[PDB]
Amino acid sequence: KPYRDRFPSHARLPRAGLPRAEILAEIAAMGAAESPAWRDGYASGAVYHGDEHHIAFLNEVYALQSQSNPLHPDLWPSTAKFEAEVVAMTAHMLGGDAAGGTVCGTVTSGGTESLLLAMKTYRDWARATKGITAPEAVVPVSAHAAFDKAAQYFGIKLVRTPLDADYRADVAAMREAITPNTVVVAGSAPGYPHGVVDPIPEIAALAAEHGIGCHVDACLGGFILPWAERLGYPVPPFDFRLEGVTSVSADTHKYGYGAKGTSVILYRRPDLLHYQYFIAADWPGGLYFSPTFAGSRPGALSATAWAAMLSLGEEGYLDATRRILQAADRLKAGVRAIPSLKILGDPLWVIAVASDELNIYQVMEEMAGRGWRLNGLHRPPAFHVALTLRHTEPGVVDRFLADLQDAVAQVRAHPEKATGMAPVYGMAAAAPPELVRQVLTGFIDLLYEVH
């Protein structure tokens, strides 16, 4: 709570309205304080484009569409066109034409919502068409935490399966975990922890053999992998090119470079998509439907997804991806050169680094002391850096490597040193899950404290 001193806190409505100009000044001052961290490339992920002109462009898209609520297609036909076109272009980018032109889907609020919708959809589809009432889903331990959210929300038993030596899903273990109640298996393309792409072709084949769904979580890779493939990088098919793939999520607000608050969920056929829709026919409020979880939605954010995709085009995504993967190549070579560190698996641009000899959490804390905001991992202990366009700016990768070399030297010199956040991550890694839940619950409460 860094502003507790500098700015008044508001626990109650002001009696009189406060001047707009004063309100904007506070927000602008906070922006000046907060933006350097992501602008200058210190943040893993978080901001995916970050360019001044791109941002000013999407801000004006927002301004022009600010009143849009896609719950009312009759008032905002513009926004329904934008969502239809985002879905179509994304589907085409992800091998939709290979499905025979039946690929369809919706815009969502984010990768989490795309995953939740897909999970609910397989649940309802399986109940209706296979008589399954105690649904199960099989995913690798690396699959996003949102799969557990979906499981707990929709009453699906989540079975998480082990990874091989390369941190990719062990498909044999996935086959073993399938039962008559399994409704879907998933693979990540790539997974968030270690940036590796699961063996999608085998997972898709597994699913098809069992007549169950196969969801590919391409939230992180959907706007990168197709371009990496065209640039010559090693990437096997991960999308609708695979016969057994029945849905794919992809985040326009990650490497699509749209504004935060949008993603896409795609299904192989409409008969599947139809299980996602909510329709109420008996309500005194009249006919009511929604394609996704929300009722009212900020249509302006859909406009920003559409605008971003159109302003980039294939050549734009190709260039962005090129820059990111070149930076990644350079970063990975540097990490491999530093003694006592290793990279987990063989990632293209989301790089998890670990150490068998040193406390990786203190190496991470040493980086944080130099301004870096990296993601702390566990199982196993590691940190990761998800490279973005912010990291392709001049000097950024070199600063990272220089800082990391220094971090490692400092930790080797005092291997028992543990400061700042390092003991927090270490304790969290060792702690019983229930204890973690209690403490993190207290933490969320603290974020909401007004003093």
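One rule holds for the numbers: they count along the sequence shown, beginning at 1.
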### Message
When the Cα temperature factors in the entry are averaged, is it 15 to 23 or 438 to 446 that ends up higher?
### Response
438 to 446
#### Entry: Selected stretch [higher average CA B-factor]: 61 to 69 or 396 to 404
396 to 404
#### Entry: Residue selected from 287, 137, 308, 300 by maximal Cα B factor
287
### Task
Tell me which of 279, 184, 156, 259 tops the list for C-alpha B factor in the record.
279
### Message
Ranking the modelled residues of this chain by C-alpha B-factor as given in the entry, is residue 199 in the lowest, middle or highest third?
### Response
highest
## Note on the structure
Temperature factor at the Cα of residue 389, chain-ranked in thirds, falls in the middle
### Task
Consider only the C-alpha atoms of the modelled residues in this chain, order them by B-factor as the entry records it, and name the third containing residue 56: lowest, middle or highest.
lowest
### Message
Can you tell me whether residue 131 has a C-alpha B-factor in the lowest, middle or highest third compared with the other modelled residues of the same chain?
### Response
middle
### Task
Report the third (lowest, middle or highest) to which the CA temperature factor of residue 336 belongs, ranking only the modelled residues of the same chain.
highest
